[PDB]
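This document opens with one chain alone, in structure tokens, the form deposited in one PDB entry.
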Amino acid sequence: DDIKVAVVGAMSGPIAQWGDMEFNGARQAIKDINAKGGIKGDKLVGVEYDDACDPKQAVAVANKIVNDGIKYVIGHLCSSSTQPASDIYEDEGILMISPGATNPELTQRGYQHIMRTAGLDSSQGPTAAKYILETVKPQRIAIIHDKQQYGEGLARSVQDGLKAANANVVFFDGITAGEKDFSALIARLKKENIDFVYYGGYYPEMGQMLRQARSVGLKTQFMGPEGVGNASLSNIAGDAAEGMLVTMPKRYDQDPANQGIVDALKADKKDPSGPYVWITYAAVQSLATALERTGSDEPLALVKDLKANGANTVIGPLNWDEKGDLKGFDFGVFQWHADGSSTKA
């Protein structure tokens, strides 16, 4: 019979663009696996849920998935939506592989039914710090975040890395997501002579901050995590995007092995360049690999199978640890441009 797979992330709300990547990836993976035969003849059927990357809606989606009888979830997208959902999946015996959530705590609580194909901010944070310390070498640093699990997690991790090396972090502060007016913060960066800012959060805020910064003449170097590194960033920020630093996964679209899938997305006129197309595609491949190899429909048998034997995916040969995290997932540093391109820093 058909095998239902829930796919969960933002299809509404302020970061729906990251969701667009996720769904585009999941859909192409499901199509490709079904075109190749399915799972010994059984077709994968994607069942899509919008959690708006909102913790309360995520919980409602998780409860709906349980009620719907679905046993496998590729989701959720954001850390603060994925973690409360994971509590329900774990309790109910449902497999959950997140292609998006990077915050460490998800997989540090002993859970057995949870995995990711996303990286960890316990790696992303230190990488930013190292680059800041060793290459940027700033004089006066401010660290800003959006008071949310992902962004504040990362802002804390970078502060910790920088303060370990006695760097001059002048202040640490939160802003409210959705904020369109950064004139107060920007005046502070100017008056306090801040030449470097790290912002833990997502592109809508980062873009507005960059545009407003350059409009008053601030020359401050900004940096953020992969959450800011979107085609939207440069549209929102304008020429102010130029020079922004971002940590991001490898450019899987440039791997020659993916040229066929790149072409598939291109024939649909979908953008293939975002890392999360591939990271989601790889979660679907992972689940499919487990289903094919085990012949089991048990979530825990599928998770045991991936942790023992791995999967070959569009983001490379995958190996997971006993907590459900990928070994060897690294983030690189990139320099953004007004036209939305980016170069290795």
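Numbering starts at 1 and runs along the sequence shown.
Asker: Comparing 233-241 with 93-101, where is the mean C-alpha B-factor higher?
Answerer: Taking the mean B-factor of the alpha carbons in each, 233-241 is higher.
Asker: Averaging the C-alpha B factors as listed in the entry, name the stretch that ends up higher: 267-275 or 113-121.
Answerer: On average, C-alpha B-factors are higher across 267-275.
Asker: Can you pull the Cα B-factors for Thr127, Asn193, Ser80, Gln259 from the entry and say which is highest?
Answerer: So the option with the highest C-alpha B-factor is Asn193.
Asker: By the CA temperature factor listed in this entry, which of these ranks top: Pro138, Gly75, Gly161, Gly224?
Answerer: When the deposited C-alpha B-factors of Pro138, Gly75, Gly161, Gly224 are compared, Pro138 is largest.
Asker: Within this chain, which third does the Cα B-factor at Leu44 fall in: lowest, middle or highest?
Answerer: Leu44: CA B-factor falls in the highest third of its chain.
Asker: According to the PDB entry, is the CA B factor of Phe329 in the bottom, middle or top third of its chain, that is, lowest, middle or highest?
Answerer: According to the entry, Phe329 has a C-alpha B-factor in the chain's highest third.
Asker: Based on the entry's values, in what third of the chain does the Cα temperature factor of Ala26 lie: lowest, middle or highest?
Answerer: Bottom third by C-alpha B-factor.
Asker: Which third of the chain holds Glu322 when residues are ordered by C-alpha B factor: lowest, middle or highest?
Answerer: Highest third of the chain for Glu322's C-alpha B-factor.
Asker: Tell me, lowest, middle or highest third: where does the Cα B factor of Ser296 rank within its chain?
Answerer: Answer is highest: the recorded C-alpha B-factor places it there.
FYI, the form deposited in another entry isn't displayed, but the following is about it.
Asker: Answer whether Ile141 and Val47 are in the same rigid part of the chain between the shown form and the other one.
Answerer: Note: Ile141 and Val47 assigned to two distinct rigid parts.
Asker: Against the shown form, C-alpha atoms of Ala177 and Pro99 in the other entry: closer or farther, for a change of 3 Å or more?
Answerer: The answer is farther, because the C-alphas of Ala177 and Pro99 separate from each other in the other entry by 3 Å or more.
Asker: What direction does the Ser79-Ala164 Cα distance move in the other entry compared with the shown chain, closer or farther, given a change of 3 Å or more?
Answerer: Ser79 and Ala164 sit farther apart in the other entry.
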